[PDB]
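First the structure, in the form of C-alpha cells, and then the observations on it.
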Protein chains: 2
Amino acid sequence: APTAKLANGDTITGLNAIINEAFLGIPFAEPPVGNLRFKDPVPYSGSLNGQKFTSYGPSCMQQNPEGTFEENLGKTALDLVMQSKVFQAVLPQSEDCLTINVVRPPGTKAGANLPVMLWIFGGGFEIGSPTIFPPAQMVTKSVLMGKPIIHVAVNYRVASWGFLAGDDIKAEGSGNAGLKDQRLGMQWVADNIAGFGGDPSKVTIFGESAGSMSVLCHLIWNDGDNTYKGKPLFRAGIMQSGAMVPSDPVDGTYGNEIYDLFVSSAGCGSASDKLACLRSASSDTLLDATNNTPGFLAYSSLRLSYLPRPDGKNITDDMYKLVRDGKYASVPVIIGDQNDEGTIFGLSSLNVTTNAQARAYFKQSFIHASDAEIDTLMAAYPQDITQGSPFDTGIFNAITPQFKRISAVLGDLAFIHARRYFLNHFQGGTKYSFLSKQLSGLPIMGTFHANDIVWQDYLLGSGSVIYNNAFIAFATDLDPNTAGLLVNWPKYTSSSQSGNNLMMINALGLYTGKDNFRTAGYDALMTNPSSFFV
Amino acid sequence: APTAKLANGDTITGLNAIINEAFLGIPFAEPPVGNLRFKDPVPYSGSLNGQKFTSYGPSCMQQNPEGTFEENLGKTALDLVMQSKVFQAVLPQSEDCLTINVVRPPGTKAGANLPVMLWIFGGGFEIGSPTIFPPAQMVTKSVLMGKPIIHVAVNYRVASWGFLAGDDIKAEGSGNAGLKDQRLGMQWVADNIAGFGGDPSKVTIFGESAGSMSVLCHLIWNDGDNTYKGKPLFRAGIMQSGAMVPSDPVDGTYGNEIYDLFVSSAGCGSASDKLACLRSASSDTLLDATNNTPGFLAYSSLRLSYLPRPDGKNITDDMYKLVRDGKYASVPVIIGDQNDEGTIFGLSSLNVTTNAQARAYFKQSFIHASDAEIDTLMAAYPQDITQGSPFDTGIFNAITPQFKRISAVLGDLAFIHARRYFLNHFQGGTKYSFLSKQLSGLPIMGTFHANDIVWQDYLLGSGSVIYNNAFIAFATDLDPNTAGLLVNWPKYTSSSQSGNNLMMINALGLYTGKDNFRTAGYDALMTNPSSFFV
Ligand SMILES: *[C@@H]1O[C@H](CO)[C@@H](O[C@@H]2O[C@H](CO)[C@@H](O)[C@H](O)[C@H]2NC(C)=O)[C@H](O)[C@H]1NC(C)=O
Ligand SMILES: *[C@@H]1O[C@H](CO)[C@@H](O[C@@H]2O[C@H](CO)[C@@H](O)[C@H](O)[C@H]2NC(C)=O)[C@H](O)[C@H]1NC(C)=O
Ligand SMILES: *[C@@H]1O[C@H](CO)[C@@H](O[C@@H]2O[C@H](CO)[C@@H](O)[C@H](O)[C@H]2NC(C)=O)[C@H](O)[C@H]1NC(C)=O
Ligand SMILES: *[C@@H]1O[C@H](CO)[C@@H](O[C@@H]2O[C@H](CO)[C@@H](O)[C@H](O)[C@H]2NC(C)=O)[C@H](O)[C@H]1NC(C)=O
Ligand SMILES: CCCCCCCCCCCCCCCCCCCCCCC(=O)O
Ligand SMILES: CCCCCCCCCCCCCCCCCCCCCCC(=O)O
C-alpha cells in the first residue's frame, strides 16, 4: 500500500485508489473539544506510526443553513435531513475534526517534488468539509497534462466552533479559530509534504467562496508575513469567488450580538465566565444553540453569523484597508467569479417586494450605511428588473420586483466588486482574473454561485479548462498560459486598463472581455467599503 | 407480536410499532417477472403461514422523472442519485414488487370490523411506492377522533412495467397492468382484511395525483361494476388532485409511439415478437430503455409516456365520455385540488418564452386540437402574467412570460377543471369538493401539487383537518361533517349552484367558496375534452 514518512519519522499508510493514492483523515491538531473549544488549535503531539489513513474523517460540526432563532418550515426540513441516520452515515460530523488529506498521482514517490494545490473548502464559514470536494478530477488532469500535482485538503472549524466572536473571544486572543486551523494545516504541509512527494516551496493555496475569502485572509494574515521557519508558506493563490471579508472587528456590534444570542441559547446567560460555561456544555447543546442563530440561507442571508473578522492580532484591521495599505504577502494570484453569484442568496428575501421594503432590508443588513449611502446604492442598483441578476435576462427571472436587484447587490459586495477592488489595489504579484458565463440562460439562477465546483470536481464542462487545466498550470509554472489554452489569458493590471483583461467562459469555450461593468455599483459600494460591512 | 389469519388459514406476524400495528410487505400476486411482464397480475398461490411482515418491500421499478431520449444534466443528476448505493439502500426497487401493507390501530383484533382507507399512491404513473406515504398520522388521528380506521396501501407497477401500451399490448389484452395490480389488491382486501380487524364492506379508496386518477379509474372500471363475488370492492372514494385521465386508447398514437421507442431502446427493434423480446430482456435493459423515454419532469411534462388509457375491455372508452354517460359505480365521493397544481410542471418548459413558442408547445402537447381550439385556449389562458398560476400573485413569479400561463393550463386540464367536469356529470352519490390555498404566497410554487401529502402524512398544518379528520369521518360515516369541523362542508351539486360549494383551506383554517372561477378556460378545455387528450 502507499506509504509516507512524516517529519517526525512516523510511517503512515494510505489507499491505492488506482486513479490516485490517498492519505485521508490525518490528525494535525489536538481535538478542539471541551476546554479547547474556540481556542487556537494545538499541534498534534502523538505518534501515528504504523497507522492507516484510507477514508475521510468526519466533518467539523455543521450549522443548519436555514438555522435561525425564528421557527419555519425550511429550518425544520433541513434539520430533519441533517439529523437522519442516512445523512449521519454518509457525512458524519464531530468536534474532533481537525484532519488533513493528501491525494497524489499514482506511483508518486517521496522526493518527487511535485507542486502542491492546497484546497480550502467553502461553505459560508458554516458548513462544508474536504469530503465533498473530490480531488480526483484535478489530479487525473494534472497527470494527463504532464504537470502532475498533489492535492491537499485541510479541514477547519466552521460556524460557532470556528468563528465565535464578541468581546470575550477578543480579550482571550481566540478570534478566527477556523483560519488558525487552516494556517496550522499550511504549516503541517511545510513540515510534512516532502515525504509524500510534494515540494513545500511550491504550494498554491486555493479555495472557493468562503475558501476563496480564506485565501485572501491568508494573504493579509500577520500583515502579510507568510513566513514559517524562514520560508514562505505558499507561493501563489487562487480565489474562486471571494476576496476581502467585508466585516467589522471581532468585538464589534454583530459579533457581540451573535455571541450573546449563542450564549443565551446554550444556557449560559447567567454565567460570569461565559466562555467556560460554553466549554462545559454538551456537544448537542452547542449544536442546538448554533442552529438558533441565523444560517447563510436564512433571511439574514450573507450578513453571516460566523465569518472572519479583524481581531487586531492576526487580522490587524479592516481587510479592505489592509489591501489598500499593502499589508499582504507578495505572490501571483488568480481571482475570478461566476456571473450571477448573488442569485441563490436572493432567494432568502423573497418577502421583500417593494422599494421601501428593499430599502429597509438594505438598512438592516448594512448597519453602518447612511441614508445618503443607501440612496446611492439604490440608484446604482435600480428596481428595473432588466438590470439585476441573472444579468442580461431582461424581464425574465422576476420572482419578485426586487429579487434580481437584491441578488445583484449581494453578488457584487460579497464577491464581484470585492474582486475588482482587490485587483485594483493588490501589487504583490502578477494577477489573472476570470468571469464565467458558462450557464447563461439557466432559469432563476444563471451562472450561479459555486457552479464551478461541479466543473472542477464532478463533471467535465467548458469551464473545466480553467478550473482544472489553467489552475494546474498556474500551480506548476506560475502562469496559467502554460496550459496551452485556446485563448491567451491576459494579465490584469486595473479595471481602467485599455485592453481585455478578463478570461471569459461560456458554454462553448473561452474568450476575453473587460472588467468595466456596473461601475456605478462599484462606486456606491467601494468608495467607503466599511459603510457596507457586517 | 401482532398476528392475523388470512382467508386461506395462514397465520402471519406483523410489527408492534406502539403507535400502530403494521403488516408490511405481504405478497398478493406472483412476481410479474420474465414472461409475466406487462401481463395481468396472477393471484399469489403460495403459503405465508408462520412468516413475518415487519418492513416495507421494494418499490416497483422507478422511471427517472427526468428521463428522455435526449441528454441533459437533469437526467444525469437524477440517474446518479437514484443509482447511488445510499438511495438504493433506503428505497430499494425490484420488478418483484407486488406487495400490500396493512397498518391498524394499537390493540385492534380480528372482528373489530373497522372502516378501511385503501391508499393508492401517486407518482405520475412512473414513480412512487407505499413506503413514502406513512400512515401513522392518519391512523393516530382516527383513534383520537373515536373513529379508528385501518390503512391499507397497495403497491402497483409503474412506468413501462405497469403502463406499456400500443397495438401489441392491446391485442394481448394487457392494458393498464398497474391498475390491474391495484384491483387485485382490492380483491385481496375483500377476501383477507377481516382477519386484521377490518370491515371489507367499509372500504374507502383514496389516492393523490396518479392515485387520485386511479380512484376515478376504479369508479369507471368495468363500466362501473365495482363488485367482486357480487359485493362492492369499495363504498366511497376520495380523490386528492385528479379525476379522469385525458388519454387516447391503448392503441392510439402516443401509446404506439412510446412503445416503439421503448422497444427500440431495449434492443428489440428487429423482433417479430416484440413482447416476447421485451420479456426476455434483462431488468437493467428494461430500466435503461424506460429512462430513454420521457419522464414527467422532462420537457414533455404531463404528456406522460405511461398512464392509464381506454383499452376497450376494462376501461371501455374515453373516460370523460364514461362519466358523461353514467358508466360509474354509485358511491359518494370527495374530490379536491391544490390551488396551484400546475406550477411544478410549468418548470419543465422554461425555454418556452414567446407566444409563438407557447402555441407550438401547446400544439405538440395536444395533437388533436385544431388551430381554432388552440386559439380559444390561448384566449382563455392569456399571456398576461397576472392571470396565471400561482394564482392571485400579480406580476410576481414571472420566471418567464409564459411560465404562469403554461402552469395554469397544465393544472386545469390535468386536475382542476377535470374535477369540475367530473362533479358536474357524476350522479353516483353525494359529492364534496375542496380547494386548498394553504400555502398562498409561497414563491414560484404557490399551493403546489402534492403539498397535501405533507399535511396528511408528515406534519400537522391547517389542511390536516381535511386530509386526516374529514377523510377519516368520510370513510367512517360517509359524511365528512361527522368530524365536527369548525366550518360545515356543503354538498356539491354543480358549478352553477347558488351557494358556496367548496371547502376552502388557508393557512389560518377553513372557510367556503365557489367553484366558479376560470370559466372561459373550462369552456376552452371541456367543450370537447378529447381534443386535449394525450
Ligand atoms: C497571531 O499574531 C500573534 C501576535 O503577533 C502571533 O504571536 C507572536 O508569535 C511570534 C512568533 O513568530 C512571537 O515571537 C511573538 O512574541 C508573538 N507575539 C505576541 C503578541 O504574542 C501569533 O503567532 C499569530 N498566530 C498565528 C497562527 O499566526
Ligand atoms: C421577511 O421575513 C423575515 C423573516 O421572518 C422578517 O424578519 C423577521 O420579522 C420578525 C417580525 O418582525 C422579527 O421578529 C424577526 O426578528 C425578523 N427576522 C430577521 C432576521 O430580521 C421580515 O420582517 C420580513 N420582511 C418583510 C419586508 O416583510
Ligand atoms: C376486465 O374486463 C374483462 C372483460 O369483461 C373481464 O373478463 C371477464 O372475466 C370473467 C371473470 O374473470 C370471465 O368469466 C369472462 O369470460 C371475461 N369476459 C371477457 C369477454 O373477457 C375481466 O375480468 C376484467 N378484469 C378485471 C380485473 O376486472
Ligand atoms: C425547449 O427544449 C426542448 C427539449 O430539448 C426542445 O425540444 C426538443 O428539441 C430538439 C431540437 O429540435 C428535438 O430534437 C427534440 O426531439 C425535442 N424534444 C421534445 C420532447 O420535443 C424544444 O424545442 C425547446 N423549445 C423551444 C421553444 O426552444
Ligand atoms: C442585501 C443583503 C446584504 C447582506 C450582507 C452582505 C455583505 C456581507 C458579506 C459577508 C461575506 C459572506 C460570504 C462569505 C462566503 C460564503 C457564502 C455562502 C456560500 C455557500 C456555498 C458554499 C460553497 O459551495 O462554497
Ligand atoms: C402544456 C403541456 C400540456 C401537457 C399535456 C397535459 C394533458 C395530459 C395530462 C395527463 C395526466 C397527467 C397527470 C397524471 C398525474 C401525475 C402528475 C405527476 C405527479 C408527480 C408527483 C407525484 C406525487 O407525489 O403524487
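Note: hydrogens, waters and symmetry copies are ignored here, and every other heavy atom, side chains too, is used. So that the names make sense, note that chain A is the first sequence line, chain B the second, and so on, each numbered from 1.
Summarising the geometry, atom CD1 belonging to A/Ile19 is positioned 5.0 Å from atom OG1 belonging to A/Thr140; distances are rounded to the nearest 0.5 Å. Here CD1 of A/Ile505 is found 6.5 Å from CG of A/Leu510. Values are rounded to the nearest 0.5 Å. Rounded to the nearest 0.5 angstrom, A/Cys60 SG and A/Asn155 CG are separated by 4.0 Å. Taken to the nearest 0.5 Å, the OG1 atom of A/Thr54 stands 7.5 Å off from the CG atom of A/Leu24. Atom CG of A/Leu459 and atom OG1 of B/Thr76 lie 7.5 Å apart (nearest 0.5 Å). Taking CD1 of A/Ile466 as the reference point, atom CG of A/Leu485 lies at 5.0 Å (rounded to 0.5 Å).
Side-chain contact, A/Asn468 with A/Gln137: a donor N or O sits under 3.5 Å from an acceptor N or O. Using a 3.5 Å distance cut-off with no hydrogens or angles, the side chains of A/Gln83 and A/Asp79 do pair a donor with an acceptor. Using a 3.5 Å distance cut-off with no hydrogens or angles, the side chains of A/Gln93 and A/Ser59 do not pair a donor with an acceptor. When only modelled atom types and interatomic distance are considered, A/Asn481 and A/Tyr432 share no side-chain donor-acceptor pair under 3.5 Å.
Side-chain N or O atoms of A/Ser464 include one that pairs as donor or acceptor with a backbone N or O of A/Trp455 at under 3.5 Å. Of the possible polar contacts, none joining the A/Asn451 side chain to the A/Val454 backbone as a donor-acceptor pair under 3.5 Å is found. Of the possible donor and acceptor atoms, none in the side chain of B/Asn64 sits under 3.5 Å from a partner among the backbone N and O of B/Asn291. Although no hydrogens or angles enter the test, the distance criterion places no donor-acceptor pair under 3.5 Å between the side chain of A/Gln63 and the main chain of A/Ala159. Counting only distance, with no hydrogens or angles, the side chain of A/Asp311 and the backbone of A/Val250 share no donor-acceptor pair below 3.5 Å. Put simply, the side chain of A/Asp225 gets close to the backbone of A/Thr227: a donor and an acceptor are under 3.5 Å apart. A distance-only check finds a donor-acceptor pair linking the side chain of A/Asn101 to the backbone of A/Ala153 [under 3.5 Å]. In this structure, the side chain of A/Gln240 does not engage the main chain of A/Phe206 through any donor-acceptor pair within 3.5 Å. In this structure, A/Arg37 contributes its side chain and A/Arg279 its backbone to a donor-acceptor pair below 3.5 Å. Proximity of a side-chain donor or acceptor of A/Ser330 to a complementary backbone N or O of A/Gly428 within less than 3.5 Å is detected.
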Derivation of the ring-ring contact (aromatic ring centres under 6.0 Å, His included) call for A/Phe234 and A/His218: CA-CA 9 Å; A/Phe234 52 90; A/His218 285 114; 7.0 Å; no
A/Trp188/A/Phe196 under ring-ring contact (aromatic ring centres under 6.0 Å, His included): CA gap, chis, key distance, verdict: CA-CA 12 Å; A/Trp188 185 97; A/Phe196 299 79; 5.8 Å; yes
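Here A/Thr285 pairs with A/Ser282 under the side chain to side chain donor-acceptor pair (under 3.5 Å) rule; sequence neighbours left out. Under the rule for a side chain to side chain donor-acceptor pair (under 3.5 Å), A/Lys202 has no partner lying at least two apart in sequence or in another chain. A/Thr99 meets the side chain to side chain donor-acceptor pair (under 3.5 Å) test with no other residue; sequence neighbours excluded.
A/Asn226 is not listed as a side-chain neighbour of A/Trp221, based on a closest heavy-atom distance of 4.5 Å or more. Residues A/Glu341 and A/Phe448 form no side-chain contact, since every pair of their non-hydrogen atoms from C-beta on lies 4.5 Å or further apart. With a 4.5 Å cut-off on side-chain heavy atoms, A/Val102 and A/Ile150 count as touching.
Closest of all the heavy-atom pairs between A/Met319 and A/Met244 is O-CG, 3.6 Å.
For A/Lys39, the NZ atom sits in a packed shell: over 12 heavy atoms of surrounding residues, nucleotides or ligands are nearer than 6.0 Å. Environment of NZ in A/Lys431: crowded, with over 12 heavy atoms of neighbouring residues, nucleotides or ligands closer than 6.0 Å.
Test A/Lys180, A/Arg183, A/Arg157 against A/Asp40 for salt bridge (charged side-chain N to carboxylate O under 4.0 Å, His left out) and you get one pass: A/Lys180.
Using cut-offs of 30° and 60° for the angle between ring planes, the A/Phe262 and A/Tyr306 rings count as perpendicular.
Between A/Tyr156 and A/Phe121, the distance separating the two ring centers is shorter than 6.0 angstrom.
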